[PDB]
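Reading through the structure tokens given below for one structure.
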Amino acid sequence: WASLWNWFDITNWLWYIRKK
Amino acid sequence: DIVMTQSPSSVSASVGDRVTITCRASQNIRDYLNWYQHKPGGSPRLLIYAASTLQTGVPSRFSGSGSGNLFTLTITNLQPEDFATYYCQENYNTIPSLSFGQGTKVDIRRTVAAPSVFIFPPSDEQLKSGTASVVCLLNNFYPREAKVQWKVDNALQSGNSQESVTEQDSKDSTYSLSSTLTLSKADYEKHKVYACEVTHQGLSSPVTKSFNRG
Amino acid sequence: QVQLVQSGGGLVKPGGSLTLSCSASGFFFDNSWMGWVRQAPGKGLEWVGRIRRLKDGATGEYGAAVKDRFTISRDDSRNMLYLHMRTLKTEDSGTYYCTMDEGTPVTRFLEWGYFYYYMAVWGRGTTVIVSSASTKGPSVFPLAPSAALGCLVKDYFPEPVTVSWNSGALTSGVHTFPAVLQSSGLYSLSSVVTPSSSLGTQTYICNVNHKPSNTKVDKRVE
Ligand SMILES: [Ca+2]
């Protein structure tokens with residue numbers, strides 16, 4: 001699953017950045 | 001938790017017209033709104049997400065606007081294929097509700113056309129089955145709004161009739177409607193006069209079609 | 001080109017179970033969120049549920065009307081999406097479309113972590129009918145003048161019914177109305193056709209076919 005990239009991976013990364 | 005109400009529920013227009021559907025949210029939802037096109041007998045088609053972002057492949061005749069709790073879908077230079085039902089949808093709650101609006105069907109506009117009314121008595125074959133159905137036919141009328149009242153011996157019936165309507169004709173862009181009054185044999189053989197009173201825009205006054213049992 | 005083909009569903013009595021299936025092709029099924037949308041007859045659209053990728057936890061989220069009763073599952077090796085319906089109710093009847101959902105990240109900093117969410121590709125839909133009615137053929141009754149002729153296809157189940165006139169030779173001026181569900185649970189419709197000089201000159205017969213019961217009725221209207 002390391003090779004699966006989609007919109008949801010962005011939003012989780014922007015969320016992590018915001019909340020930390 | 002979020003309720004979407006579209007207006008109008010129906011709208012008629014000719015080709016090359018500007019159509020404007022509005023969608024209202026019970027609360028503020030920023031720009032988390034989608035628009036969908038649904039033609040009868042077909043799969044729904046995404047038009048716009050983010051309230052105003054056009055989906056790839058959609059014609060630029062469709063534009064989405066608004067923000068907060070009031071949104072609008074505009075179809076400039078309306079085209080034949082664009083005659084369909086459109087829905088709005090919210091996608092605001094992190095716990096998804098994804099609530100649609102009741103929908104908005106776009107019809108073809110044409111001159112008023114009065115219905116031709118016909119009434120049909122129950123067939124003798126059906127009476128043998130212990131059931132009786134009386135039919136009132138409204139043929140080739142526009143617009144779709146129409147009233148049909150059943151009267152058995154001048155007694156206004158309520159709750160014993162079922163209406164059915166065809167889709168806008170492909171040649172004359174008119175509608176046809178059938179109203180089926182259903183009674184048992186006893187209630188039917190007990191009364192004599194059966195009538196359906198039709199009221200339509202194109203009619204100067206309501207038209208009545210009745211018969212005498214036998 | 002995305003292709004969704006649905007199967008499963010059909011008729012079932014209330015309180016029973018039923019599984020829908022959606023086969024994906026033309027895109028990366030494993031990397032896509034999926035879901036379902038339904039439309040009761042005469043009603044509008046209503047979201048049913050969605051499911052995430054396996055790496056996202058394969059989380060199933062459902063609408064209020066179906067939560068606790070419907071469950072979504074996916075098979076990434078077979079590229080299949082399933083909607084498991086149990087403890088069904090008559091109000092669950094309608095056309096269920098499987099959807100290919102996707103999202104777009106919101107860029108407004110204060111909303112980082114949120115996304116737009118939409119159904120980007122919809123299937124052809126599968127029909128679900130929750131009813132206790134058994135298979136039954138129609139009773140074709142004539143509609144005679146006093147011009148307008150018609151046939152009354154009454155008391156059949158399930159849909160559909162086919163109606164032609166004069167073995168398809170007569171099509172100009174025909175109106176076959178949609179079916180209506182009667183309070184008995186059976187379907188009913190009528191087919192009508194509009195000169196007064198044709199009485200006697202031409203005999204009129206409606207050809208009513210009901211495949212679910214394998215019934216064929218040719219009824220003359222005079
Ligand atoms: Ca796969």
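Basis: the model, the stated rules and, where named, an outside source; none is laboratory data. Cβ: placed from backbone, ideal geometry, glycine included. Neighbour counts: every protein chain shown.
Results, tabulated for the structure shown:
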read-out	value
Qualifying positions in the stretch B:11-46 - more than 14 Å from chain C (Cβ to nearest Cβ), more than 21 Å from residue B:168 (Cβ to Cβ) and in contact with a strand residue (DSSP E or B) (Cβ under 8 Å, 6 or more places away or on another chain)	B:22, B:24, B:25, B:26
Residue match in the stretch C:53-61 (condition: in the same structural domain as residue C:1 (by CATH) and touching a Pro at 6+ places or on another chain (Cβ under 7 Å))	yes
Given (1) hydroxyl-bearing (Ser, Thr, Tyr); (2) within 19 Å of residue B:32 (Cβ to Cβ); (3) in contact with a strand residue (DSSP E or B) (Cβ under 9 Å, 6 or more places away or on another chain), index of the condition residue C:107 fails	(3)
Set B:120, B:83, B:141, B:71: member being more than 8 Å from chain C (Cβ to nearest Cβ), touching a strand residue (DSSP E or B) at 6+ places or on another chain (Cβ under 6 Å) and over 16 Å from residue B:168 (Cα atoms)	B:71
Every residue from the stretch C:129-180 that is hydrophobic (A, V, I, L, M, F, W, C) and over 18 Å from residue B:122 (Cβ atoms)	C:129, C:130, C:133, C:147, C:157, C:161, C:163, C:165, C:169, C:170, C:174, C:179
Long-range neighbours under 6 Å by Cβ, at least six apart or interchain, first residue facing another protein chain (nearest Cβ under 7 Å) within the stretch C:101-120, second outside any helix (DSSP H, G or I) and of a type in the set (S, T, N, Q)	C:116/C:104; C:117/B:91; C:118/B:34; C:119/C:99
Counted residues, the stretch B:51-81 - those being crowded, with 19+ Cβ neighbours inside 10 Å and out of contact with any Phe, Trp or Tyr (no Cβ under 8 Å at 6 or more places or on another chain)	2
Candidate set from the stretch C:138-159 (those that are surrounded by 15 or more Cβ atoms within 10 Å (Cβ to Cβ) and not in a strand (DSSP E or B)); member that is farthest from the other protein chains (Cβ to nearest Cβ)	C:158
Scan of the stretch A:1-16 for residues that are at the interface with chain C (Cβ under 7 Å from one of its Cβ atoms), part of a helix (DSSP H, G or I) and out of contact with any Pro (no Cβ under 7 Å at 6 or more places or on another chain), ordered by number	A:8, A:15
Residue list for the stretch C:67-93, restricted to those being surrounded by fewer than 22 Cβ atoms within 10 Å (Cβ to Cβ) and within 14 Å of chain B (Cβ to nearest Cβ)	C:67
Residue ID - nearest to the other protein chains (Cβ to nearest Cβ), chosen from residues in the stretch C:29-66 that are buried (at least 22 other Cβ atoms within 10 Å of the Cβ) and of a type in the set (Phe, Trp, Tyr)	C:47
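Let's see how each residue does on (1) among the hydroxyl-bearing types (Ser, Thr, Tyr); (2) touching a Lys or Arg at 6+ places or on another chain (Cβ under 8 Å):
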{"residue": "B:106", "(1), (2)": "no, no"}
{"residue": "B:121", "(1), (2)": "no, yes"}
{"residue": "B:125", "(1), (2)": "no, no"}
{"residue": "B:130", "(1), (2)": "no, yes"}
{"residue": "B:133", "(1), (2)": "yes, yes"}
{"residue": "B:141", "(1), (2)": "no, no"}
